[PDB]
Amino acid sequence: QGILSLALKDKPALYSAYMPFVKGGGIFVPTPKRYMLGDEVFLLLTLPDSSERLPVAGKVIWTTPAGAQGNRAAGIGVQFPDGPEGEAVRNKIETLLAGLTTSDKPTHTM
């Protein structure tokens, strides 16, 4: 439906959300709204480095449902578009994650 929003306060939060294994980069957005894989979604993303809200016209590539086994948050994994706007978002995330890249810590996805 409408505009999803995701605000990330710090680098651990960004690390949990980022999906480095997605082609072009992806980001996990917690939400109770149910989506289908391949849905196009619009996301307003705030990263820890500033209050600027980054538009992301993305694609649903991952879902976790309500009541998931274990302690997994419900939500959708959104793939970044392959043009310069999406590449810019992915670029900012991986530089913000400098030093967090090789971590073994679990994420919201994989």
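Counting begins at 1, following the sequence as shown.
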Q.
Using a one-third cut-off over the other compared PDB entries, is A68 one of the residues left without coordinates?
A. yes
Q: Taking the mean of the C-alpha B-factors per stretch from the entry, tell me the winner out of 4-12 and 100-108.
A: 100-108
Q.
Using only C-alpha atoms and the B-factors in the entry, which stretch averages higher, 49-57 or 72-80?
A. 49-57
(Q) By the CA temperature factor listed in this entry, which of these ranks top: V29, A66, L37, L44? (A) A66
